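A quick write-up on the structure given underneath.
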Amino acid sequence: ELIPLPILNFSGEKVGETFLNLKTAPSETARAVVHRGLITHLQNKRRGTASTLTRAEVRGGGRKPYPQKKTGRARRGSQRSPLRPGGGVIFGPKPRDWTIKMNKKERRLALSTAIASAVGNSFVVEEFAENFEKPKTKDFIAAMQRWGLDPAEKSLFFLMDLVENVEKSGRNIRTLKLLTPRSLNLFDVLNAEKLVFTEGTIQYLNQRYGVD
Amino acid sequence: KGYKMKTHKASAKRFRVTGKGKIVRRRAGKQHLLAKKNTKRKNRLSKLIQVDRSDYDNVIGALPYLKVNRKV
Amino acid sequence: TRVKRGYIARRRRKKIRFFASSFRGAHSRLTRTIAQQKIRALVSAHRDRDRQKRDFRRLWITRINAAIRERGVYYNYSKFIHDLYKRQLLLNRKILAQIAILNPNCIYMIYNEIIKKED
Amino acid sequence: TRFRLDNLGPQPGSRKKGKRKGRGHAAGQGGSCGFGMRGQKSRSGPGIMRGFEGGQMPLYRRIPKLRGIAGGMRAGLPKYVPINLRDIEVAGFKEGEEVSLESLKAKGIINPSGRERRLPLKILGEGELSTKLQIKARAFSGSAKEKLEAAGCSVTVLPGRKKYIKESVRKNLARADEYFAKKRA
RNA sequence: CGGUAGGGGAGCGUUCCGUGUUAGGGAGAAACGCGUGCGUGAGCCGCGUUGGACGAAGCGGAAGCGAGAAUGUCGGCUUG
RNA sequence: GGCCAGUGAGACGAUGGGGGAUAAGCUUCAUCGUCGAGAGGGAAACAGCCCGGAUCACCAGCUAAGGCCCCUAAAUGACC
RNA sequence: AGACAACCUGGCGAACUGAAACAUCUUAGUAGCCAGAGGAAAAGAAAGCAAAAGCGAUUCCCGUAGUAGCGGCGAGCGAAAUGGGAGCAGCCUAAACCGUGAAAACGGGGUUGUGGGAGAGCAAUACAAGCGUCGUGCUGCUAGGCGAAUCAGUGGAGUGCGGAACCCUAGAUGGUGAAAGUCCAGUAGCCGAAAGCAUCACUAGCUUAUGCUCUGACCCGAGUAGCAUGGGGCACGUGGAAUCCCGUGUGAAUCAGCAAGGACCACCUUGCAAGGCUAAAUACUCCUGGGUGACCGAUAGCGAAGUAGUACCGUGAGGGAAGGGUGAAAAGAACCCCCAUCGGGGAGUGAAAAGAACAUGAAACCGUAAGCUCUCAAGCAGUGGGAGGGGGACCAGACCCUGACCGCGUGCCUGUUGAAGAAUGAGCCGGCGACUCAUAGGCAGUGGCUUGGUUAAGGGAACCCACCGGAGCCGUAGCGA
Ligand SMILES: [Mg+2]
Ligand SMILES: [Mg+2]
Ligand SMILES: [Mg+2]
Ligand SMILES: [Mg+2]
Ligand SMILES: [Mg+2]
Ligand SMILES: [Mg+2]
Ligand SMILES: [Mg+2]
Ligand SMILES: [Mg+2]
Ligand SMILES: [Mg+2]
Ligand SMILES: [Mg+2]
Ligand SMILES: [Mg+2]
Ligand SMILES: [Mg+2]
Ligand SMILES: [Mg+2]
Ligand SMILES: [Mg+2]
Ligand SMILES: [Mg+2]
Ligand SMILES: [Mg+2]
Ligand SMILES: [Mg+2]
Ligand SMILES: [Mg+2]
Ligand SMILES: [Mg+2]
Ligand SMILES: [Mg+2]
Ligand SMILES: [Mg+2]
Ligand SMILES: [Mg+2]
Ligand SMILES: [Mg+2]
Ligand SMILES: [Mg+2]
Ligand SMILES: [Mg+2]
Ligand SMILES: [Mg+2]
Ligand SMILES: [Mg+2]
Ligand SMILES: [Mg+2]
Ligand SMILES: [Mg+2]
Ligand SMILES: [Mg+2]
Ligand SMILES: [Mg+2]
Ligand SMILES: [Mg+2]
Ligand SMILES: [Mg+2]
Ligand SMILES: [Mg+2]
Ligand SMILES: [Mg+2]
Ligand SMILES: [Mg+2]
Ligand SMILES: [Mg+2]
Ligand SMILES: [Mg+2]
Ligand SMILES: [Mg+2]
Ligand SMILES: [Mg+2]
Ligand SMILES: [Mg+2]
Ligand SMILES: [Mg+2]
Ligand SMILES: [Mg+2]
Ligand SMILES: [Mg+2]
Ligand SMILES: [Mg+2]
Ligand SMILES: [Mg+2]
Ligand SMILES: [Mg+2]
Ligand SMILES: [Mg+2]
Ligand SMILES: [Mg+2]
Ligand SMILES: [Mg+2]
Ligand SMILES: [Mg+2]
Ligand SMILES: [Mg+2]
Ligand SMILES: [Mg+2]
Ligand SMILES: [Mg+2]
Ligand SMILES: [Mg+2]
Ligand SMILES: [Mg+2]
Ligand SMILES: [Mg+2]
Ligand SMILES: [Mg+2]
Ligand SMILES: [Mg+2]
Ligand SMILES: [Mg+2]
Ligand SMILES: [Mg+2]
Ligand SMILES: [Mg+2]
Ligand SMILES: [Mg+2]
Ligand SMILES: [Mg+2]
Ligand SMILES: [Mg+2]
Ligand SMILES: [Mg+2]
Ligand SMILES: [Mg+2]
Ligand SMILES: [Mg+2]
Ligand SMILES: [Mg+2]
Ligand SMILES: [Mg+2]
Ligand SMILES: [Mg+2]
Ligand SMILES: [Mg+2]
Ligand SMILES: [Mg+2]
Ligand SMILES: [Mg+2]
Ligand SMILES: [Mg+2]
Ligand SMILES: [Mg+2]
Ligand SMILES: [Mg+2]
Ligand SMILES: [Mg+2]
Ligand SMILES: [Mg+2]
Ligand SMILES: [Mg+2]
Ligand SMILES: [Mg+2]
Ligand SMILES: [Mg+2]
Ligand SMILES: [Mg+2]
Ligand SMILES: [Mg+2]
Ligand SMILES: [Mg+2]
Ligand SMILES: [Mg+2]
Ligand SMILES: [Mg+2]
Ligand SMILES: [Mg+2]
Ligand SMILES: [Mg+2]
Ligand SMILES: [Mg+2]
Ligand SMILES: [Mg+2]
Ligand SMILES: [Mg+2]
Ligand SMILES: [Mg+2]
Ligand SMILES: [Mg+2]
Ligand SMILES: [Mg+2]
Ligand SMILES: [Mg+2]
Ligand SMILES: [Mg+2]
Ligand SMILES: [Mg+2]
Ligand SMILES: [Mg+2]
Ligand SMILES: [Mg+2]
Ligand SMILES: [Mg+2]
Ligand SMILES: [Mg+2]
Ligand SMILES: [Mg+2]
Ligand SMILES: [Mg+2]
Ligand SMILES: [Mg+2]
Ligand SMILES: [Mg+2]
Ligand SMILES: [Mg+2]
Ligand SMILES: [Mg+2]
Ligand SMILES: [Mg+2]
Ligand SMILES: [Mg+2]
Ligand SMILES: [Mg+2]
Ligand SMILES: [Mg+2]
Ligand SMILES: [Mg+2]
Ligand SMILES: [Mg+2]
Ligand SMILES: [Mg+2]
Ligand SMILES: [Mg+2]
Ligand SMILES: [Mg+2]
Ligand SMILES: [Mg+2]
Ligand SMILES: [Mg+2]
Ligand SMILES: [Mg+2]
Ligand SMILES: [Mg+2]
Ligand SMILES: [Mg+2]
Ligand SMILES: [Mg+2]
Ligand SMILES: [Mg+2]
Ligand SMILES: [Mg+2]
């Protein structure tokens with residue numbers, strides 16, 4: 001690797017160095033690849049809930065000139081249409097699905113490019129799981145500030161484990177995301193200010209996405 | 001279940017495609033009144049001719065599943 | 001996502017209307033009329049920026065003609081100009097018209113040079 | 001040079017903005033939208049059939065139906081997966097290796113679909129093989145097995161599935177063989 | 001380097017989403033009114049003895065996205 | 001060759017002709033010009049005649065067709 | 001018995017339309033009507049597929065495939081088998097025979113298919129499996145309860161700002177004079193049900209049950225199958241027209257049989273019609289409870305934010321509108337004056353009068369005041385030139401308003417060979433108002449992989465999404481009916 005990574009113990013002293021080496025998008029297309037990967041994500045996340053009534057859903061037509069003036073909806077000699085108030089909506093939204101597709105390998109590429117950009121931030125950690133027994137948020141934040149994470153700026157903890165105490169201890173900070181590999185999004189990696197890995201985690205990422 | 005385009009069947013019993021991808025058809029006029037057509041003519045009307053570039057549009061538009069190189 | 005047209009209309013209209021200030025009658029009121037009237041204004045304007053260049057030459061030439069005809073019985077615009085040229089002077093018609101009104105003695109001098117040399 | 005949600009953006013040329021017809025003339029196709037004046041092509045709704053010329057008898061109609069199709073003679077269908085020796089050369093076959101069908105899915109040179117799944121294999125001469133390979137297929141072209149037996153390769157031809165023949169026609173086809181046999185001996 | 005039908009290239013704006021529970025905002029936001037300001041233009045930027053709480057720029061995404069014509073259509077107000 | 005449009009009512013003028021009455025701003029063809037889709041000047045006004053093909057600015061200059069008594073730019077010029 | 005939105009099953013069953021006309025065909029067994037039942041319905045335990053290798057009731061999705069085919073071979077219609085998933089479940093009865101009757105019935109026995117059963121003899125017997133009153137059980141639902149942590153300053157109000165602190169298994173949400181993790185109700189977490197409901201286990205009990213040998217004589221669903229005709233439906237339009245189901249008429253065979261394998265015959269394979277019943281996977285929203293929203297915000301969203309199916313209109317079936325925002329709080333203006341009331345002007349309330357026809361308040365339209373200007377004048381009302389007069393400036397030679405007179409100047413749109421047209425259209429102003437979406441085919445531009453590329457349905461810490469899912473599909477051989 002072209003850069004080391006600091007490994008800090010639970011106190012915050014630097015114990016070691018690691019290397020996270022991934023498949024990177026060629027320099028030209030990176031911004032496109034990632035971009036696309038992101039767009040796709042956000043677009044599949046979308047639920048078309050916007051619904052209208054077409055000209056034929058609208059209640060209570062009959063085909064005829066109106067016999068008497070409906071104040072605001074029509075006048076005396078007029079024909080039924082979309083062009084009234086209360087008329088159908090021409091080309092209005094119907095419930096959709098926005099779901100598009102992207103190649104698996106392209107996906108993974110975006111993920112890798114993202115995380116391989118984020119190596120100017122990232123730490124590693126000595127796998128703190130045991131130091132939490134009773135869930136304590138106060139404690140988690142203590143630990144954070146020891147590692148130099150401002151409990152403001154939106155950081156990402158990528159671990160293998162969800163140890164219940166840790167899981168709950170982090171639940172209520174708005175700026176943390178605690179990710180298993182089961183939930184790992186391009187989105188959150190892009191979104192995070194600081195990246196945090198464990199040893200097992202680096203071992204995982206450097207394998208799945210390893211450059212040959 | 002979407003809608004996939006339907007092959008126009010009356011055009012696909014008429015035209016086909018050669019291995020290199022060009023469209024061909026039969027020639028019209030050998031079925032009857034043969035006696036009065038000279039044998040040289042009768043031979044000419046028996047072979048397979050490549051369809052006239054002009055028609056390619058209509059043809060192509062009605063046979064969406066036919067693999068066709070227009071030589072680009 | 002429904003989109004009302006909102007103000008995007010009335011800004012355009014208002015910015016048009018500003019143009020049409022001081023048009024008599026309904027050319028200063030109704031938007032629909034005001035539109036047309038704006039176009040025609042801009043149009044005549046463009047036209048007469050071109051007419052202009054024709055017109056002042058018209059004028060200047062006329063004034064020059066009058067200014068010279070005072071001197072000789074037989075003398076013209078045409079004769080004059082011809083002589084300005086066979087004497088190699090560059091003064092164009094704006095300048096001779098302005099010197100005709102604003103410094104008449106000067107034009108008399110010029111004429112005296114042209115005559116002396118044509119003599 | 002780090003990626004965030006804000007430094008992202010597309011590649012020039014990728015997403016090209018769409019024509020929105022019927023807005024303004026200065027823009028694009030305004031008014032008419034690029035349909036010109038009137039008539040049937042500029043009218044809303046389903047057009048006329050794609051193969052239809054004006055009522056003059058359409059090209060596809062005035063031309064005679066293709067030979068076999070025209071009557072309902074069943075169309076021709078590939079009955080073997082053809083492989084030439086080219087492909088077998090290119091692939092990673094070391095000597096002694098069994099070619100067969102399976103070992104060509106393994107190295108992926110043939111990816112068969114449903115119809116092709118159910119099919120047998122056939123070997124067609126093209127390209128000059130250099131190696132001794134053990135081949136198993138249901139058929140060969142003449143040229144094929146000529147070049148193969150020339151190179152020193154063992155050609156194992158696989159049994160096709162038996163055709164069920166009723167007893168009487170066995171008696172006939174066997175009566176034949178009895179005749180040939182009594183004659184030669 | 002005139003230009004209709006028509007084709008191609010480059011842009012502006014509207015509402016909404018991501019960044020974002022953003023910058024900014026009862027020391028006055030949106031809007032409304034103004035400009036000796038800047039644009040090829042769509043428009044932008046600045047200003048307010050109006051207004052009273054929201055909401056830019058940038059880099060991206062999506063459309064119920066731009067009106068002067070439809071004997072359009074609904075309200076309002078004229079003329080006679 | 002690919003992708004992908006409109007057009008498929010034309011008008012007059014010059015020339016060659018046919019129909020008609022060597023009638024029609026008539027009608028129908030042929031080789032051209034302009035209008036269509038072309039602004040400017042000359043034609044009193046005046047799609048199709050003459051000059052000329054308008055990127056834009058200039059209170060500069062030279063010319064085309066056409067003009068030089070006054071309306072209205074230039075000779076109330078010269079010689080037959 | 002009646003009621004019941006959509007879905008479903010059965011019964012009747014169109015037409016515009018498409019075919020650039022139309023009659024076969026299409027629309028479409030759609031709409032509509034009628035009847036019926038359910039939370040789903042229907043279908044369903046091989047007289048089935050297939051092809052010489054195998055599968056093992058039904059339904060639903062992906063795929064095969066717009067393939068084979070059908071078709072005035074026109075418009076169009078359009079499979080299945082293999083393959084991948086979801087989901088799984090198999091049972092009662094007739095007849096032979098044995099009892100009881102005169103019957104008709106009842107009771108035992110008996111239910112299968114590379115055959116069973118009845119018949120005649122000899123062996124095994126105890127476990128296993130299915131159903132289920134009663135009842136404390138388990139869980140959930142129908143009320144609830146406990147629930148951490150802040151202060152002062154700042155112009156009506158502080159949740160904002162500057163400055164200090166704190167909780168977090170709680171930084172969901174709503175409210176509060178102004179935007180709040182720490183003010184209220186709440187949330188995480190944790191407790192809680194006398195009564196009823198629901199899924200589950202258990203629950204006495206009720207059910208069933210094996211094994212072999214001999215015997216082609218007994219049974220194995222009759223007005224049935226088939227056949228002749230008339231039709232219907234199967235992707236399949238009478239076609240060589242199978243399989244399926246009905247009118248009229250005829251009319252079999254029992255396992256040494258009968259049916260199916262796309263006329264038909266032979267052979268082989270597969271199966272057992274003419275008795276029933278069955279859960280799930282799938283469809284739907286008059287609704288109920290949670291949740292999300294690149295959904296609306298009073299011309300929108302339901303027709304309906306107020307008497308909304310109301311007012312009103314119609315004999316009747318039926319049609320069918322409009323009217324939202326004083327303020328934080330009514331503190332909704334005591335008292336005096338004009339004064340018959342309404343309405344107003346003061347005072348008082350209030351941050352503001354925002355004063356009840358009350359929040360921002362554009363345009364048309366109606367005026368009032370101030371600056372310049374029109375009564376010898378011909379004009380799509382402008383424009384270039386600018387006399388005279390006036391106004392706010394800081395680059396005072398500029399800007400802004402007015403406009404003596406001269407020049408030039410045939411509204412806009414549509415549509416036409418061609419228009420100022422006496423050609424169409426618009427009273428004016430503001431809103432609403434049109435190349436949209438889904439799915440496929442072709443082409444282009446961008447990426448990704450090219451150790452060929454890619455997955456579909458499906459599964460997913462709810463979605464998204466990691467990771468799966470190679471069934472398929474595209475490219476690797478053509479020629480030929
Ligand atoms: Mg209707
Ligand atoms: Mg509506
Ligand atoms: Mg090929
Ligand atoms: Mg023949
Ligand atoms: Mg074409
Ligand atoms: Mg909106
Ligand atoms: Mg609109
Ligand atoms: Mg003016
Ligand atoms: Mg589009
Ligand atoms: Mg364009
Ligand atoms: Mg227009
Ligand atoms: Mg077009
Ligand atoms: Mg039109
Ligand atoms: Mg056309
Ligand atoms: Mg049509
Ligand atoms: Mg249609
Ligand atoms: Mg069609
Ligand atoms: Mg034929
Ligand atoms: Mg072939
Ligand atoms: Mg293939
Ligand atoms: Mg041009
Ligand atoms: Mg154009
Ligand atoms: Mg903007
Ligand atoms: Mg804006
Ligand atoms: Mg906005
Ligand atoms: Mg802020
Ligand atoms: Mg402002
Ligand atoms: Mg806004
Ligand atoms: Mg602006
Ligand atoms: Mg901008
Ligand atoms: Mg406020
Ligand atoms: Mg922004
Ligand atoms: Mg719309
Ligand atoms: Mg209007
Ligand atoms: Mg009206
Ligand atoms: Mg009036
Ligand atoms: Mg013609
Ligand atoms: Mg014609
Ligand atoms: Mg036409
Ligand atoms: Mg002519
Ligand atoms: Mg002529
Ligand atoms: Mg001649
Ligand atoms: Mg004559
Ligand atoms: Mg003639
Ligand atoms: Mg003519
Ligand atoms: Mg000429
Ligand atoms: Mg035209
Ligand atoms: Mg031209
Ligand atoms: Mg001209
Ligand atoms: Mg002229
Ligand atoms: Mg010329
Ligand atoms: Mg030129
Ligand atoms: Mg030019
Ligand atoms: Mg000259
Ligand atoms: Mg003169
Ligand atoms: Mg003379
Ligand atoms: Mg009932
Ligand atoms: Mg009833
Ligand atoms: Mg019911
Ligand atoms: Mg019909
Ligand atoms: Mg009809
Ligand atoms: Mg028709
Ligand atoms: Mg028709
Ligand atoms: Mg169900
Ligand atoms: Mg049922
Ligand atoms: Mg079974
Ligand atoms: Mg059975
Ligand atoms: Mg299957
Ligand atoms: Mg399964
Ligand atoms: Mg099963
Ligand atoms: Mg019995
Ligand atoms: Mg029994
Ligand atoms: Mg058998
Ligand atoms: Mg047997
Ligand atoms: Mg027995
Ligand atoms: Mg409490
Ligand atoms: Mg509390
Ligand atoms: Mg405070
Ligand atoms: Mg604070
Ligand atoms: Mg809150
Ligand atoms: Mg709770
Ligand atoms: Mg037997
Ligand atoms: Mg029959
Ligand atoms: Mg039939
Ligand atoms: Mg049949
Ligand atoms: Mg059958
Ligand atoms: Mg079959
Ligand atoms: Mg029937
Ligand atoms: Mg019968
Ligand atoms: Mg019998
Ligand atoms: Mg039969
Ligand atoms: Mg069978
Ligand atoms: Mg039976
Ligand atoms: Mg049957
Ligand atoms: Mg049965
Ligand atoms: Mg049933
Ligand atoms: Mg209203
Ligand atoms: Mg409404
Ligand atoms: Mg409003
Ligand atoms: Mg009072
Ligand atoms: Mg009284
Ligand atoms: Mg009073
Ligand atoms: Mg007061
Ligand atoms: Mg007070
Ligand atoms: Mg108001
Ligand atoms: Mg007079
Ligand atoms: Mg006067
Ligand atoms: Mg006048
Ligand atoms: Mg004038
Ligand atoms: Mg005039
Ligand atoms: Mg006409
Ligand atoms: Mg008019
Ligand atoms: Mg016209
Ligand atoms: Mg006309
Ligand atoms: Mg109108
Ligand atoms: Mg009118
Ligand atoms: Mg009218
Ligand atoms: Mg629109
Ligand atoms: Mg279209
Ligand atoms: Mg689309
Ligand atoms: Mg496409
Ligand atoms: Mg590529
Ligand atoms: Mg999936
Ligand atoms: Mg799922
Ligand atoms: Mg899903």
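Chain labels follow the order of the structure tokens: the first chain is A, the next B, and so on; residue numbering restarts at 1 in every chain, and ligands are counted from 1 in their shown order.
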Give me, as a PDB file with N, CA, C and O atoms (P, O5', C5', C4', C3', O3' and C1' of nucleotides), in the first residue's frame, all polymer residues having an atom no more than 12 Å from residue 5 in chain E, counting only C-alpha atoms (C1' of nucleotides) and skipping those fewer than 5 positions away in the same chain.
```pdb
ATOM      1  N   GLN D  29     -38.262  22.383 -30.869  1.00  0.00           N
ATOM      2  CA  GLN D  29     -39.445  22.162 -31.660  1.00  0.00           C
ATOM      3  C   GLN D  29     -40.661  22.704 -30.910  1.00  0.00           C
ATOM      4  O   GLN D  29     -41.238  22.059 -30.041  1.00  0.00           O
ATOM      5  N   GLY D  30     -41.043  23.902 -31.338  1.00  0.00           N
ATOM      6  CA  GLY D  30     -42.079  24.679 -30.718  1.00  0.00           C
ATOM      7  C   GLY D  30     -43.211  24.706 -31.694  1.00  0.00           C
ATOM      8  O   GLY D  30     -43.040  24.333 -32.862  1.00  0.00           O
ATOM      9  N   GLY D  31     -44.375  25.147 -31.221  1.00  0.00           N
ATOM     10  CA  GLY D  31     -45.580  25.064 -32.025  1.00  0.00           C
ATOM     11  C   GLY D  31     -45.830  23.623 -32.433  1.00  0.00           C
ATOM     12  O   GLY D  31     -46.065  22.715 -31.626  1.00  0.00           O
ATOM     13  N   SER D  32     -45.791  23.446 -33.741  1.00  0.00           N
ATOM     14  CA  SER D  32     -45.926  22.162 -34.395  1.00  0.00           C
ATOM     15  C   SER D  32     -45.108  21.032 -33.781  1.00  0.00           C
ATOM     16  O   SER D  32     -45.547  19.880 -33.853  1.00  0.00           O
ATOM     17  N   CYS D  33     -43.927  21.353 -33.235  1.00  0.00           N
ATOM     18  CA  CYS D  33     -43.034  20.377 -32.597  1.00  0.00           C
ATOM     19  C   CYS D  33     -42.168  19.649 -33.594  1.00  0.00           C
ATOM     20  O   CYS D  33     -41.460  18.713 -33.232  1.00  0.00           O
ATOM     21  N   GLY D  34     -42.227  20.025 -34.854  1.00  0.00           N
ATOM     22  CA  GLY D  34     -41.354  19.346 -35.774  1.00  0.00           C
ATOM     23  C   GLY D  34     -42.134  18.314 -36.533  1.00  0.00           C
ATOM     24  O   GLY D  34     -41.590  17.327 -37.038  1.00  0.00           O
ATOM     25  N   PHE D  35     -43.436  18.484 -36.525  1.00  0.00           N
ATOM     26  CA  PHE D  35     -44.241  17.646 -37.343  1.00  0.00           C
ATOM     27  C   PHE D  35     -44.673  18.348 -38.591  1.00  0.00           C
ATOM     28  O   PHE D  35     -45.393  17.778 -39.389  1.00  0.00           O
ATOM     29  N   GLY D  36     -44.235  19.576 -38.788  1.00  0.00           N
ATOM     30  CA  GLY D  36     -44.649  20.265 -39.989  1.00  0.00           C
ATOM     31  C   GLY D  36     -46.134  20.597 -39.951  1.00  0.00           C
ATOM     32  O   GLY D  36     -46.642  20.879 -38.877  1.00  0.00           O
ATOM     33  N   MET D  37     -46.859  20.568 -41.072  1.00  0.00           N
ATOM     34  CA  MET D  37     -48.175  21.208 -41.018  1.00  0.00           C
ATOM     35  C   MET D  37     -49.333  20.355 -40.515  1.00  0.00           C
ATOM     36  O   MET D  37     -49.695  20.473 -39.351  1.00  0.00           O
ATOM     37  N   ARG D  38     -49.904  19.468 -41.313  1.00  0.00           N
ATOM     38  CA  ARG D  38     -51.063  18.709 -40.808  1.00  0.00           C
ATOM     39  C   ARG D  38     -50.940  17.333 -41.347  1.00  0.00           C
ATOM     40  O   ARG D  38     -49.823  16.850 -41.598  1.00  0.00           O
TER      41      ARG D  38
ATOM     42  P     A F   5     -37.757  10.335 -37.756  1.00  0.00           P
ATOM     43  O5'   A F   5     -37.345  11.046 -39.131  1.00  0.00           O
ATOM     44  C5'   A F   5     -38.239  11.885 -39.851  1.00  0.00           C
ATOM     45  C4'   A F   5     -37.974  13.352 -39.594  1.00  0.00           C
ATOM     46  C3'   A F   5     -38.912  14.308 -40.312  1.00  0.00           C
ATOM     47  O3'   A F   5     -40.120  14.477 -39.565  1.00  0.00           O
ATOM     48  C1'   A F   5     -36.674  14.999 -40.637  1.00  0.00           C
ATOM     49  P     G F   6     -41.605  14.336 -40.203  1.00  0.00           P
ATOM     50  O5'   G F   6     -42.053  15.859 -40.314  1.00  0.00           O
ATOM     51  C5'   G F   6     -42.514  16.400 -41.533  1.00  0.00           C
ATOM     52  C4'   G F   6     -41.769  17.649 -41.927  1.00  0.00           C
ATOM     53  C3'   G F   6     -42.233  18.219 -43.256  1.00  0.00           C
ATOM     54  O3'   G F   6     -43.354  19.089 -43.127  1.00  0.00           O
ATOM     55  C1'   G F   6     -39.897  17.949 -43.301  1.00  0.00           C
ATOM     56  P     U F   7     -44.735  18.781 -43.902  1.00  0.00           P
ATOM     57  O5'   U F   7     -44.297  18.876 -45.428  1.00  0.00           O
ATOM     58  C5'   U F   7     -43.788  20.097 -45.938  1.00  0.00           C
ATOM     59  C4'   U F   7     -43.213  19.954 -47.321  1.00  0.00           C
ATOM     60  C3'   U F   7     -44.083  19.282 -48.364  1.00  0.00           C
ATOM     61  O3'   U F   7     -45.053  20.161 -48.918  1.00  0.00           O
ATOM     62  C1'   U F   7     -41.897  18.413 -48.471  1.00  0.00           C
ATOM     63  P     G F  36     -40.015  35.772 -49.568  1.00  0.00           P
ATOM     64  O5'   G F  36     -40.740  34.366 -49.722  1.00  0.00           O
ATOM     65  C5'   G F  36     -42.123  34.246 -49.437  1.00  0.00           C
ATOM     66  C4'   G F  36     -42.670  32.902 -49.829  1.00  0.00           C
ATOM     67  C3'   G F  36     -42.319  31.755 -48.904  1.00  0.00           C
ATOM     68  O3'   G F  36     -43.220  31.677 -47.802  1.00  0.00           O
ATOM     69  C1'   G F  36     -41.905  31.137 -51.153  1.00  0.00           C
ATOM     70  P     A F  37     -42.757  31.193 -46.331  1.00  0.00           P
ATOM     71  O5'   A F  37     -41.214  31.546 -46.265  1.00  0.00           O
ATOM     72  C5'   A F  37     -40.652  32.049 -45.064  1.00  0.00           C
ATOM     73  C4'   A F  37     -39.181  32.285 -45.233  1.00  0.00           C
ATOM     74  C3'   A F  37     -38.831  33.325 -46.286  1.00  0.00           C
ATOM     75  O3'   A F  37     -37.649  34.035 -45.914  1.00  0.00           O
ATOM     76  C1'   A F  37     -37.925  31.239 -46.892  1.00  0.00           C
TER      77        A F  37
END
```
Legend entry - Neighbours of chain B in chain F at 12 Å, counting only C-alpha atoms (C1' of nucleotides), as a PyMOL selection string: chain F and resi 1-4
Legend entry - Residues flagged helix (DSSP H, G or I) by DSSP in chain B, as a ChimeraX atom specification: /B:9-12,39-44,53-62
Closest atom pairs, chain E residues within 12 Å of chain A, only C-alpha atoms (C1' of nucleotides), as CSV:
```
residue,atom,partner,partner_atom,distance
E:17,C1',A:42,CA,9.3
E:18,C1',A:42,CA,7.9
E:19,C1',A:191,CA,8.2
E:20,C1',A:191,CA,11.4
E:21,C1',A:174,CA,10.4
E:59,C1',A:35,CA,11.2
E:60,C1',A:35,CA,8.6
E:61,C1',A:39,CA,7.2
E:62,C1',A:43,CA,9.2
E:63,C1',A:93,CA,9.2
E:64,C1',A:92,CA,5.1
E:70,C1',A:83,CA,10.8
E:71,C1',A:78,CA,12.0
E:72,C1',A:83,CA,7.6
E:73,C1',A:83,CA,5.3
E:74,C1',A:72,CA,5.6
E:75,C1',A:72,CA,6.9
```
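For ligand 103, the protein and nucleic acid residues at most 8 Å away, judged by only C-alpha atoms (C1' of nucleotides) and all ligand atoms, amount to residues 346, 347 and 348 of chain G.
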Inset, instruction - Write out as a list in words the residues lying within 9 Å of range 141-154 of chain G, counting only C-alpha atoms (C1' of nucleotides) and excluding same-chain residues fewer than 3 positions away. - result: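 Here the answer would be residues 161, 163, 164, 165, 166, 167, 168, 170, 181, 182, 189, 190, 191, 192, 193, 196, 197 and 198 of chain G.
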Inset, instruction - Pick out the residues no farther than 12 Å from ligand 19, counting only C-alpha atoms (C1' of nucleotides) and all ligand atoms, and list them as an NGL selection string. - result: (:B and (16-19)) or (:D and (66-69 or 74-79)) or (:G and (477-481))
Inset, instruction - Considering only C-alpha atoms (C1' of nucleotides) and all ligand atoms, state which residue in the set G:352, G:107, G:397, G:417 is at the smallest distance from ligand 40. - result: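 Smallest distance to ligand 40 is found for G:417.
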Inset, instruction - Please report as a PyMOL selection string which residues of chain A come no farther than 8 Å from chain G, using only C-alpha atoms (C1' of nucleotides). - result: chain A and resi 29+32-33+41-42+44-51+59-60+67-73+83-86+91-92+94+103+105-106+135-138+168-169+172-174+181-185
Inset, instruction - Could you please extract the residues within 8 Å of ligand 100, counting only C-alpha atoms (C1' of nucleotides) and all ligand atoms, and hand them back as an NGL selection string? - result: :G and (333 or 344-345)
Inset, instruction - For residue 78 in chain C, please output as a ChimeraX atom specification all residues within 12 Å (counting only C-alpha atoms (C1' of nucleotides); exclusion window: fewer than 6 positions along the same chain). - result: /C:61-62,64-66,68-69,84-85 /F:68,74-75,77
Inset, instruction - Show me which residues sit within 10 Å of ligand 90 when counting only C-alpha atoms (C1' of nucleotides) and all ligand atoms, and put them as an NGL selection string. - result: :G and (222 or 252-254 or 257)
Prev. selection, C-alpha atoms (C1' of nucleotides), output as a PDB file, in the first residue's frame:
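File written: out22.pdb
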```pdb
ATOM      1  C1'   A G 222     -73.979 -47.476 -18.094  1.00  0.00           C
ATOM      2  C1'   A G 252     -70.126 -50.995 -25.791  1.00  0.00           C
ATOM      3  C1'   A G 253     -66.163 -53.617 -23.010  1.00  0.00           C
ATOM      4  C1'   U G 254     -64.214 -55.240 -17.358  1.00  0.00           C
ATOM      5  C1'   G G 257     -60.016 -55.245 -20.372  1.00  0.00           C
TER       6        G G 257
END
```
